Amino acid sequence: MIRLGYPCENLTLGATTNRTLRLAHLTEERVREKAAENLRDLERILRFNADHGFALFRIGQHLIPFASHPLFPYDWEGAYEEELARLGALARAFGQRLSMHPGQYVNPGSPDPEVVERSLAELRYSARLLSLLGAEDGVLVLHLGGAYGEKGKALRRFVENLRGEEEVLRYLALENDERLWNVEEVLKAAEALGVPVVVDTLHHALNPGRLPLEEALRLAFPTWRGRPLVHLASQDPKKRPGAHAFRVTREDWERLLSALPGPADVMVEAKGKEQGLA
């Protein structure tokens, strides 16, 4: 019924795909060293997953630190295409579904054209990485982002700025958030683009609109060619709305398991990572 994954890093292993460096510091030598370590850690995590009942992993945005930056000092596709082919071959042999979730500043619906361009360059890097990995069923998960005044205009800029991006559109799936975009609104945007919807259970509880969870899933699931993907997290009892607990609670697991209209891949988003009630 369910495949499980976790994002970016693994705690028992102390492996991460998300080392970076300060921009000061963005020289070929320094970037190569962090990227080397991130790629090594990617393999340790895929191999660990094979042995531990995990089938999903979110690669961290910093795998190749600053890859989409205007001043990135070398040809990273040329440097890493062979190693990424080999890592992806491993991922497939282990039945691992790969994904990526760009950062908070990725908004192709911004009113600032240079923010849009930088955001698209970050999406293109992520999509290229998935291609170099041969991640067929790979997911590039994106929030709809800031309303900058009008939600309506924002959304039409978003769709407009994504519609020509055919490699991004190969992996792109859209996600509901805890403040601006409920599952219903996301479903409309996704339809316009021809992409799947990822339902985040905690974002939905916080910002449900009219839909109960079961219904949000029932409508989101048909948007996938293959296996739907879901994001599961729990509210931390001590922190601001949207803060992820260390562990997903049993209550939240069973609310998800009860609401599922069919098989799904579940990305567990907990501070505990593979200890996340994953």
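In case it trips you up, residue 1 is the first one in the sequence shown, and so on.
Per-stretch averaging of Cα B factors for 88 to 96 and 103 to 111 places 103 to 111 on top.
Among the modelled residues of its chain, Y148 has a C-alpha B-factor that falls in the highest third, as given in the PDB entry. Per the deposited record, the Cα B-factor of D75 falls in the lowest third when ranked against the other modelled residues of its chain.
The entry lists a Cα temperature factor for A189 that places it in the highest third of the chain's modelled residues. Sort the chain's modelled residues by C-alpha temperature factor and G276 lands in the highest third, per the entry. In the PDB entry, a CA B factor belonging to the middle third of its chain's modelled residues is recorded for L232.
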